[PDB]
Amino acid sequence: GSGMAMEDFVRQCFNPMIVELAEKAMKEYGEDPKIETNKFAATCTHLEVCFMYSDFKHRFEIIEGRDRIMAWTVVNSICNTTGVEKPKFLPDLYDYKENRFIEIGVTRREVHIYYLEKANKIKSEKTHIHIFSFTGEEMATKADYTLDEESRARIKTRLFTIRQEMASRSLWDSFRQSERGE
Ligand SMILES: O=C1c2c(O)c(=O)ccn2N([C@@H]2c3ccccc3SCc3c2ccc(F)c3F)[C@@H]2COCCN12
Ligand SMILES: [Mn+2]
Ligand SMILES: [Mn+2]
């Protein structure tokens with residue numbers, strides 16, 4: 001259940017491309033993945049979900065996984081060619097079919113609680129929110145889940161698998177409790 005154990009878990013259970021992008025994002029925002037090991041795992045998990053979401057004719061542009069400048073450059077380019085309003089906060093994806101940005105949330109807590117937190121932090125009723133748990137639960141803006149049932153099933157399964165792999169190593173309890181502060 002240690003810090004070293006969690007860092008080792010992350011580097012073993014996530015593909016090297018995900019790990020590298022997560023490390024770069026954490027450094028960009030001033031956090032050390034060797035100290036904030038649960039956050040390291042959280043960023044890898046969330047990045048993987050974004051990449052799995054964008055697979056499932058490229059319907060989706062991935063904003064996440066890019067450095068800050070390139071992320072906003074992509075966002076501005078989309079807004080210039082679609083007239084969609086520029087979001088105040090960086091989103092995770094752009095849906096070319098529905099022509100809307102998407103914010104992806106992954107939570108170790110109840111989805112309704114996290115969904116409210118997300119909706120409150122953005123306040124822009126134009127970014128579509130989609131929350132996943134590690135328990136197979138899901139909540140999205142207007143109960144519009146965007147993807148088909150099978151695509152969401154595989155994301156839920158992968159998240160549950162991560163949870164079980166953590167639990168087998170006694171890492172899940174720590175990971176769960178670090179999402180929200182005291
Ligand atoms: O893109 C995100 C982001 C999300 O998209 C999200 O859903 C939750 C959280 N985020 N944050 C991610 C992040 C992403 C995934 C899981 C946990 C965290 S926790 C804060 C943090 C993030 C990235 C690097 C870092 F050092 C951080 F401390 C930051 C929020 O500022 C815009 C960029 N960003
Ligand atoms: Mn993001
Ligand atoms: Mn997100």
# chains A, B, ... in the order shown; residues from 1 in each chain; ligands from 1
call {"tool": "closest_atom_pairs", "arguments": {"of": "chain A", "to": "ligand 3", "cutoff": "10 Å", "atoms": "only C-alpha atoms and all ligand atoms", "output": "Markdown table"}}
result
| residue | atom | partner | partner_atom_place_in_ligand_line | distance |
| --- | --- | --- | --- | --- |
| A:43 | CA | ligand 3 | 1 (Mn) | 9.1 |
| A:46 | CA | ligand 3 | 1 (Mn) | 6.8 |
| A:47 | CA | ligand 3 | 1 (Mn) | 8.2 |
| A:49 | CA | ligand 3 | 1 (Mn) | 9.3 |
| A:50 | CA | ligand 3 | 1 (Mn) | 8.0 |
| A:63 | CA | ligand 3 | 1 (Mn) | 9.9 |
| A:64 | CA | ligand 3 | 1 (Mn) | 7.8 |
| A:90 | CA | ligand 3 | 1 (Mn) | 8.8 |
| A:91 | CA | ligand 3 | 1 (Mn) | 6.7 |
| A:92 | CA | ligand 3 | 1 (Mn) | 5.5 |
| A:93 | CA | ligand 3 | 1 (Mn) | 8.8 |
| A:102 | CA | ligand 3 | 1 (Mn) | 8.3 |
| A:103 | CA | ligand 3 | 1 (Mn) | 5.0 |
| A:104 | CA | ligand 3 | 1 (Mn) | 3.9 |
| A:105 | CA | ligand 3 | 1 (Mn) | 4.7 |
| A:106 | CA | ligand 3 | 1 (Mn) | 7.4 |
| A:118 | CA | ligand 3 | 1 (Mn) | 8.9 |
| A:129 | CA | ligand 3 | 1 (Mn) | 8.8 |
| A:130 | CA | ligand 3 | 1 (Mn) | 8.8 |
| A:131 | CA | ligand 3 | 1 (Mn) | 8.7 |
call {"tool": "residues_around", "arguments": {"residues": "residue 147 in chain A", "least_positions_apart": "6", "cutoff": "12 Å", "atoms": "only C-alpha atoms", "output": "list in words"}}
result
residues 52, 53, 54, 55, 56, 59, 60, 95, 97, 98, 102, 130, 138, 140, 153, 154 and 155 of chain A
call {"tool": "write_last_selection", "arguments": {"atoms": "N, CA and C atoms", "output": "tab-separated table (two decimals), in the first residue's frame"}}
result
chain	number	residue	atom	x	y	z
A	52	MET	N	-9.56	6.05	-25.10
A	52	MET	CA	-10.54	5.03	-25.44
A	52	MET	C	-11.85	5.65	-25.92
A	53	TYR	N	-12.19	6.82	-25.37
A	53	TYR	CA	-13.41	7.51	-25.78
A	53	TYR	C	-13.30	7.94	-27.24
A	54	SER	N	-12.12	8.42	-27.63
A	54	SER	CA	-11.91	8.99	-28.95
A	54	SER	C	-11.79	7.94	-30.05
A	55	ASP	N	-11.46	6.70	-29.70
A	55	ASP	CA	-11.59	5.61	-30.66
A	55	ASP	C	-13.05	5.37	-31.01
A	56	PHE	N	-13.91	5.41	-30.00
A	56	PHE	CA	-15.21	4.77	-30.06
A	56	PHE	C	-16.28	5.72	-30.59
A	59	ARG	N	-14.32	10.83	-35.28
A	59	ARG	CA	-15.41	11.62	-34.72
A	59	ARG	C	-14.90	12.62	-33.69
A	60	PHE	N	-13.80	12.32	-33.01
A	60	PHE	CA	-13.36	13.09	-31.86
A	60	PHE	C	-11.96	13.65	-32.08
A	95	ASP	N	-16.29	16.81	-30.07
A	95	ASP	CA	-17.16	15.90	-30.81
A	95	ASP	C	-17.55	16.58	-32.12
A	97	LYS	N	-19.28	15.29	-34.53
A	97	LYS	CA	-20.63	14.95	-34.96
A	97	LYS	C	-21.65	15.85	-34.28
A	98	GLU	N	-21.56	15.99	-32.96
A	98	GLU	CA	-22.45	16.86	-32.21
A	98	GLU	C	-21.95	18.30	-32.15
A	102	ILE	N	-16.21	18.20	-24.93
A	102	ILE	CA	-16.55	17.23	-23.90
A	102	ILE	C	-15.53	17.34	-22.77
A	130	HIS	N	-19.22	14.14	-19.11
A	130	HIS	CA	-19.43	12.70	-19.03
A	130	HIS	C	-18.55	12.13	-17.93
A	138	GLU	N	-22.26	5.89	-14.36
A	138	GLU	CA	-22.07	6.83	-15.44
A	138	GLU	C	-23.09	7.95	-15.29
A	140	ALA	N	-24.01	11.79	-17.47
A	140	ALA	CA	-23.65	12.71	-18.53
A	140	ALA	C	-24.71	13.79	-18.64
A	153	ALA	N	-19.34	0.29	-22.24
A	153	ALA	CA	-19.10	-0.93	-21.48
A	153	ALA	C	-17.61	-1.23	-21.35
A	154	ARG	N	-16.86	-1.08	-22.44
A	154	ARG	CA	-15.43	-1.37	-22.38
A	154	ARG	C	-14.68	-0.37	-21.51
A	155	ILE	N	-15.06	0.91	-21.54
A	155	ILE	CA	-14.44	1.88	-20.64
A	155	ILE	C	-14.71	1.50	-19.19
call {"tool": "atom_distance", "arguments": {"atom1": "CA of residue 17 in chain A", "atom2": "CA of residue 67 in chain A"}}
result
14.3 Å
call {"tool": "residues_around", "arguments": {"residues": "residue 164 in chain A", "least_positions_apart": "5", "cutoff": "12 Å", "atoms": "only C-alpha atoms", "output": "list in words"}}
result
residues 13, 134, 135, 157, 158, 159, 169, 170, 171, 172, 173 and 175 of chain A
call {"tool": "atom_distance", "arguments": {"atom1": "CA of residue 3 in chain A", "atom2": "CA of residue 34 in chain A"}}
result
7.7 Å
call {"tool": "closest_residue", "arguments": {"among": "A:73, A:178, A:37, A:45", "to": "residue 14 in chain A", "atoms": "only C-alpha atoms"}}
result
A:45
call {"tool": "closest_residue", "arguments": {"among": "A:75, A:70, A:22, A:167", "to": "ligand 1", "atoms": "only C-alpha atoms and all ligand atoms"}}
result
A:22
call {"tool": "residues_around", "arguments": {"residues": "residue 180 in chain A", "least_positions_apart": "5", "cutoff": "10 Å", "atoms": "only C-alpha atoms", "output": "list in words"}}
result
residues 107, 108 and 109 of chain A
call {"tool": "write_last_selection", "arguments": {"atoms": "N, CA, C and O atoms", "output": "CSV table (one decimal), in the first residue's frame"}}
result
chain,number,residue,atom,x,y,z
A,107,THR,N,-14.0,9.2,-11.4
A,107,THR,CA,-14.1,9.5,-10.0
A,107,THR,C,-14.1,8.1,-9.2
A,107,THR,O,-14.7,7.2,-9.6
A,108,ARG,N,-13.4,8.1,-8.1
A,108,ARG,CA,-13.5,7.1,-7.1
A,108,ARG,C,-14.7,7.3,-6.1
A,108,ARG,O,-14.9,6.4,-5.2
A,109,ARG,N,-15.5,8.3,-6.3
A,109,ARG,CA,-16.6,8.6,-5.5
A,109,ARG,C,-17.9,8.4,-6.3
A,109,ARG,O,-17.9,7.9,-7.4
call {"tool": "select_by_dssp", "arguments": {"residues": "range 9-167 of chain A", "states": "strand (DSSP E)", "output": "ChimeraX atom specification"}}
result
/A:60-62,93-95,100-107,128-133,138-140
call {"tool": "write_last_selection", "arguments": {"atoms": "N, CA, C and O atoms", "output": "tab-separated table (two decimals), in the first residue's frame"}}
result
chain	number	residue	atom	x	y	z
A	60	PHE	N	-13.80	12.32	-33.01
A	60	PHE	CA	-13.36	13.09	-31.86
A	60	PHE	C	-11.96	13.65	-32.08
A	60	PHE	O	-11.08	12.98	-32.62
A	61	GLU	N	-11.77	14.89	-31.63
A	61	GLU	CA	-10.45	15.47	-31.47
A	61	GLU	C	-10.07	15.34	-30.00
A	61	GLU	O	-10.88	15.66	-29.12
A	62	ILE	N	-8.86	14.87	-29.74
A	62	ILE	CA	-8.37	14.73	-28.37
A	62	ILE	C	-7.63	16.01	-28.01
A	62	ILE	O	-6.66	16.39	-28.68
A	93	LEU	N	-12.12	16.65	-25.01
A	93	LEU	CA	-12.36	16.20	-26.38
A	93	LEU	C	-13.22	17.23	-27.10
A	93	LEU	O	-13.87	18.08	-26.48
A	94	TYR	N	-13.25	17.13	-28.43
A	94	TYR	CA	-14.24	17.80	-29.25
A	94	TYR	C	-14.97	16.76	-30.10
A	94	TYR	O	-14.33	15.94	-30.77
A	95	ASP	N	-16.29	16.81	-30.07
A	95	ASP	CA	-17.16	15.90	-30.81
A	95	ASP	C	-17.55	16.58	-32.12
A	95	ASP	O	-18.37	17.51	-32.13
A	100	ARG	N	-19.54	19.84	-30.22
A	100	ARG	CA	-19.48	20.33	-28.85
A	100	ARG	C	-18.23	19.75	-28.20
A	100	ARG	O	-17.77	18.66	-28.56
A	101	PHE	N	-17.65	20.52	-27.28
A	101	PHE	CA	-16.55	20.03	-26.47
A	101	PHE	C	-17.07	19.11	-25.38
A	101	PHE	O	-18.23	19.20	-24.96
A	102	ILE	N	-16.21	18.20	-24.93
A	102	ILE	CA	-16.55	17.23	-23.90
A	102	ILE	C	-15.53	17.34	-22.77
A	102	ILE	O	-14.32	17.41	-23.03
A	103	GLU	N	-16.02	17.32	-21.53
A	103	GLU	CA	-15.19	17.20	-20.34
A	103	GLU	C	-15.40	15.81	-19.77
A	103	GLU	O	-16.52	15.44	-19.41
A	104	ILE	N	-14.32	15.04	-19.68
A	104	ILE	CA	-14.36	13.68	-19.14
A	104	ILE	C	-13.98	13.73	-17.67
A	104	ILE	O	-12.97	14.34	-17.30
A	105	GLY	N	-14.79	13.08	-16.84
A	105	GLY	CA	-14.48	12.91	-15.43
A	105	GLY	C	-14.42	11.45	-15.05
A	105	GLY	O	-15.24	10.64	-15.50
A	106	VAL	N	-13.43	11.09	-14.23
A	106	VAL	CA	-13.30	9.76	-13.66
A	106	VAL	C	-13.18	9.93	-12.15
A	106	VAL	O	-12.31	10.66	-11.68
A	107	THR	N	-14.04	9.25	-11.40
A	107	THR	CA	-14.12	9.46	-9.96
A	107	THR	C	-14.12	8.14	-9.21
A	107	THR	O	-14.71	7.15	-9.65
A	128	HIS	N	-20.13	19.57	-22.82
A	128	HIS	CA	-20.80	18.34	-22.42
A	128	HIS	C	-19.95	17.59	-21.40
A	128	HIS	O	-18.75	17.39	-21.61
A	129	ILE	N	-20.58	17.15	-20.31
A	129	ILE	CA	-19.88	16.48	-19.22
A	129	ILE	C	-20.23	15.00	-19.26
A	129	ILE	O	-21.40	14.63	-19.43
A	130	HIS	N	-19.22	14.14	-19.11
A	130	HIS	CA	-19.43	12.70	-19.03
A	130	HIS	C	-18.55	12.13	-17.93
A	130	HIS	O	-17.32	12.15	-18.05
A	131	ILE	N	-19.18	11.60	-16.88
A	131	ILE	CA	-18.49	11.09	-15.70
A	131	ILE	C	-18.55	9.57	-15.71
A	131	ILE	O	-19.61	8.98	-15.97
A	132	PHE	N	-17.42	8.93	-15.40
A	132	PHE	CA	-17.33	7.50	-15.19
A	132	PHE	C	-16.84	7.22	-13.77
A	132	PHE	O	-16.03	7.98	-13.23
A	133	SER	N	-17.33	6.14	-13.18
A	133	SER	CA	-16.81	5.63	-11.92
A	133	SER	C	-16.00	4.36	-12.16
A	133	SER	O	-15.90	3.86	-13.29
A	138	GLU	N	-22.26	5.89	-14.36
A	138	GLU	CA	-22.07	6.83	-15.44
A	138	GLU	C	-23.09	7.95	-15.29
A	138	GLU	O	-24.25	7.69	-14.96
A	139	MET	N	-22.66	9.18	-15.54
A	139	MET	CA	-23.59	10.31	-15.59
A	139	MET	C	-23.10	11.32	-16.61
A	139	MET	O	-21.91	11.67	-16.62
A	140	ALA	N	-24.01	11.79	-17.47
A	140	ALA	CA	-23.65	12.71	-18.53
A	140	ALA	C	-24.71	13.79	-18.64
A	140	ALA	O	-25.87	13.60	-18.25
call {"tool": "residues_around", "arguments": {"residues": "residue 86 in chain A", "least_positions_apart": "5", "cutoff": "9 Å", "atoms": "only C-alpha atoms", "output": "PyMOL selection string"}}
result
chain A and resi 75-76+78-80
call {"tool": "select_by_dssp", "arguments": {"residues": "range 20-175 of chain A", "states": "helix (DSSP H, G or I)", "output": "ChimeraX atom specification"}}
result
/A:20-28,37-55,68-82,111-122,141-143,149-168,172-175
call {"tool": "atom_distance", "arguments": {"atom1": "CA of residue 32 in chain A", "atom2": "atom 27 (C, counted along the ligand's line) of ligand 1"}}
result
9.5 Å
call {"tool": "decode", "arguments": {"residues": "range 125-172 of chain A", "atoms": "N, CA and C atoms", "output": "mmCIF file, in the first residue's frame"}}
result
data_model
loop_
_atom_site.group_PDB
_atom_site.id
_atom_site.type_symbol
_atom_site.label_atom_id
_atom_site.label_comp_id
_atom_site.auth_asym_id
_atom_site.auth_seq_id
_atom_site.Cartn_x
_atom_site.Cartn_y
_atom_site.Cartn_z
ATOM 1 N N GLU A 125 -22.732 26.001 -19.645
ATOM 2 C CA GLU A 125 -23.694 24.975 -20.040
ATOM 3 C C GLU A 125 -23.462 24.452 -21.465
ATOM 4 N N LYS A 126 -22.352 24.789 -22.127
ATOM 5 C CA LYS A 126 -22.102 24.347 -23.491
ATOM 6 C C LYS A 126 -21.102 23.202 -23.589
ATOM 7 N N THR A 127 -20.256 23.002 -22.583
ATOM 8 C CA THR A 127 -19.355 21.855 -22.568
ATOM 9 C C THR A 127 -20.110 20.643 -22.037
ATOM 10 N N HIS A 128 -20.134 19.571 -22.821
ATOM 11 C CA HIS A 128 -20.805 18.341 -22.420
ATOM 12 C C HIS A 128 -19.952 17.594 -21.398
ATOM 13 N N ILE A 129 -20.575 17.153 -20.308
ATOM 14 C CA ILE A 129 -19.877 16.476 -19.220
ATOM 15 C C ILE A 129 -20.229 14.996 -19.260
ATOM 16 N N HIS A 130 -19.218 14.142 -19.105
ATOM 17 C CA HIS A 130 -19.428 12.700 -19.034
ATOM 18 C C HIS A 130 -18.550 12.129 -17.931
ATOM 19 N N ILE A 131 -19.182 11.601 -16.881
ATOM 20 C CA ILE A 131 -18.494 11.090 -15.700
ATOM 21 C C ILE A 131 -18.552 9.567 -15.711
ATOM 22 N N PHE A 132 -17.419 8.935 -15.405
ATOM 23 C CA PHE A 132 -17.329 7.497 -15.190
ATOM 24 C C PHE A 132 -16.841 7.224 -13.773
ATOM 25 N N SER A 133 -17.331 6.139 -13.178
ATOM 26 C CA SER A 133 -16.806 5.632 -11.917
ATOM 27 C C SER A 133 -16.004 4.357 -12.164
ATOM 28 N N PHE A 134 -15.429 3.825 -11.090
ATOM 29 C CA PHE A 134 -14.771 2.529 -11.133
ATOM 30 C C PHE A 134 -15.727 1.400 -10.779
ATOM 31 N N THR A 135 -17.003 1.725 -10.659
ATOM 32 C CA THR A 135 -18.049 0.795 -10.258
ATOM 33 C C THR A 135 -19.095 0.494 -11.337
ATOM 34 N N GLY A 136 -18.845 0.937 -12.548
ATOM 35 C CA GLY A 136 -19.788 0.776 -13.636
ATOM 36 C C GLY A 136 -20.863 1.839 -13.731
ATOM 37 N N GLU A 137 -20.789 2.899 -12.932
ATOM 38 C CA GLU A 137 -21.771 3.975 -13.005
ATOM 39 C C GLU A 137 -21.294 5.086 -13.924
ATOM 40 N N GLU A 138 -22.259 5.887 -14.356
ATOM 41 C CA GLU A 138 -22.071 6.827 -15.442
ATOM 42 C C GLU A 138 -23.092 7.946 -15.295
ATOM 43 N N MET A 139 -22.662 9.184 -15.540
ATOM 44 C CA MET A 139 -23.592 10.310 -15.592
ATOM 45 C C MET A 139 -23.097 11.319 -16.614
ATOM 46 N N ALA A 140 -24.006 11.789 -17.466
ATOM 47 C CA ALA A 140 -23.652 12.711 -18.532
ATOM 48 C C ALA A 140 -24.713 13.793 -18.637
ATOM 49 N N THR A 141 -24.298 14.944 -19.155
ATOM 50 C CA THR A 141 -25.205 16.057 -19.405
ATOM 51 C C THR A 141 -26.433 15.587 -20.164
ATOM 52 N N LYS A 142 -27.606 15.848 -19.587
ATOM 53 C CA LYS A 142 -28.891 15.536 -20.205
ATOM 54 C C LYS A 142 -29.065 14.043 -20.440
ATOM 55 N N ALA A 143 -28.358 13.220 -19.664
ATOM 56 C CA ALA A 143 -28.355 11.771 -19.859
ATOM 57 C C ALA A 143 -28.074 11.411 -21.315
ATOM 58 N N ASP A 144 -27.263 12.227 -21.984
ATOM 59 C CA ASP A 144 -26.814 11.954 -23.345
ATOM 60 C C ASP A 144 -25.385 11.433 -23.241
ATOM 61 N N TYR A 145 -25.220 10.131 -23.445
ATOM 62 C CA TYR A 145 -23.957 9.454 -23.197
ATOM 63 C C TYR A 145 -23.045 9.420 -24.416
ATOM 64 N N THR A 146 -23.477 9.988 -25.545
ATOM 65 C CA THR A 146 -22.628 10.208 -26.715
ATOM 66 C C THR A 146 -22.261 8.910 -27.424
ATOM 67 N N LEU A 147 -21.601 7.995 -26.721
ATOM 68 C CA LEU A 147 -21.133 6.751 -27.314
ATOM 69 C C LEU A 147 -22.230 5.690 -27.278
ATOM 70 N N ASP A 148 -22.016 4.614 -28.034
ATOM 71 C CA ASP A 148 -22.931 3.486 -27.968
ATOM 72 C C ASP A 148 -22.673 2.669 -26.698
ATOM 73 N N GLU A 149 -23.600 1.753 -26.409
ATOM 74 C CA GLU A 149 -23.530 0.971 -25.178
ATOM 75 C C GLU A 149 -22.235 0.170 -25.085
ATOM 76 N N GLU A 150 -21.823 -0.464 -26.185
ATOM 77 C CA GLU A 150 -20.629 -1.310 -26.154
ATOM 78 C C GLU A 150 -19.375 -0.505 -25.837
ATOM 79 N N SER A 151 -19.254 0.690 -26.407
ATOM 80 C CA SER A 151 -18.073 1.505 -26.157
ATOM 81 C C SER A 151 -17.985 1.912 -24.693
ATOM 82 N N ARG A 152 -19.107 2.327 -24.111
ATOM 83 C CA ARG A 152 -19.123 2.677 -22.699
ATOM 84 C C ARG A 152 -18.859 1.459 -21.825
ATOM 85 N N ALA A 153 -19.338 0.287 -22.245
ATOM 86 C CA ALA A 153 -19.100 -0.933 -21.478
ATOM 87 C C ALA A 153 -17.613 -1.230 -21.348
ATOM 88 N N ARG A 154 -16.862 -1.077 -22.436
ATOM 89 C CA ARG A 154 -15.434 -1.373 -22.376
ATOM 90 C C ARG A 154 -14.677 -0.371 -21.506
ATOM 91 N N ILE A 155 -15.064 0.907 -21.538
ATOM 92 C CA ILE A 155 -14.437 1.881 -20.644
ATOM 93 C C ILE A 155 -14.707 1.501 -19.193
ATOM 94 N N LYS A 156 -15.965 1.192 -18.874
ATOM 95 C CA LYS A 156 -16.317 0.803 -17.512
ATOM 96 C C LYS A 156 -15.538 -0.429 -17.079
ATOM 97 N N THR A 157 -15.415 -1.412 -17.974
ATOM 98 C CA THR A 157 -14.676 -2.635 -17.668
ATOM 99 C C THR A 157 -13.207 -2.345 -17.391
ATOM 100 N N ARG A 158 -12.580 -1.512 -18.223
ATOM 101 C CA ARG A 158 -11.178 -1.172 -18.002
ATOM 102 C C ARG A 158 -10.992 -0.473 -16.661
ATOM 103 N N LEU A 159 -11.885 0.461 -16.328
ATOM 104 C CA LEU A 159 -11.789 1.159 -15.050
ATOM 105 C C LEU A 159 -11.941 0.187 -13.886
ATOM 106 N N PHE A 160 -12.927 -0.708 -13.966
ATOM 107 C CA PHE A 160 -13.107 -1.709 -12.916
ATOM 108 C C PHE A 160 -11.878 -2.598 -12.804
ATOM 109 N N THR A 161 -11.248 -2.910 -13.937
ATOM 110 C CA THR A 161 -10.044 -3.728 -13.905
ATOM 111 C C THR A 161 -8.923 -3.009 -13.166
ATOM 112 N N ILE A 162 -8.719 -1.724 -13.464
ATOM 113 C CA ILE A 162 -7.720 -0.941 -12.743
ATOM 114 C C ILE A 162 -7.998 -0.988 -11.248
ATOM 115 N N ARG A 163 -9.260 -0.804 -10.865
ATOM 116 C CA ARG A 163 -9.624 -0.840 -9.454
ATOM 117 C C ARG A 163 -9.233 -2.169 -8.824
ATOM 118 N N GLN A 164 -9.540 -3.274 -9.503
ATOM 119 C CA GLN A 164 -9.252 -4.590 -8.944
ATOM 120 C C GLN A 164 -7.753 -4.855 -8.888
ATOM 121 N N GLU A 165 -7.003 -4.362 -9.851
ATOM 122 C CA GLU A 165 -5.566 -4.545 -9.822
ATOM 123 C C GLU A 165 -4.937 -3.741 -8.679
ATOM 124 N N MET A 166 -5.471 -2.563 -8.407
ATOM 125 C CA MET A 166 -5.049 -1.803 -7.235
ATOM 126 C C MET A 166 -5.409 -2.534 -5.950
ATOM 127 N N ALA A 167 -6.651 -3.018 -5.861
ATOM 128 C CA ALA A 167 -7.110 -3.668 -4.640
ATOM 129 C C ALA A 167 -6.269 -4.895 -4.317
ATOM 130 N N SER A 168 -5.883 -5.665 -5.337
ATOM 131 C CA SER A 168 -5.065 -6.849 -5.091
ATOM 132 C C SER A 168 -3.732 -6.479 -4.461
ATOM 133 N N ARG A 169 -3.238 -5.272 -4.734
ATOM 134 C CA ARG A 169 -1.986 -4.778 -4.182
ATOM 135 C C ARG A 169 -2.196 -3.877 -2.966
ATOM 136 N N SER A 170 -3.418 -3.821 -2.431
ATOM 137 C CA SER A 170 -3.752 -2.968 -1.288
ATOM 138 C C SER A 170 -3.482 -1.493 -1.573
ATOM 139 N N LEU A 171 -3.690 -1.070 -2.819
ATOM 140 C CA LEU A 171 -3.521 0.324 -3.203
ATOM 141 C C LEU A 171 -4.842 1.063 -3.367
ATOM 142 N N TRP A 172 -5.970 0.350 -3.425
ATOM 143 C CA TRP A 172 -7.233 0.996 -3.766
ATOM 144 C C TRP A 172 -7.693 1.947 -2.667
#
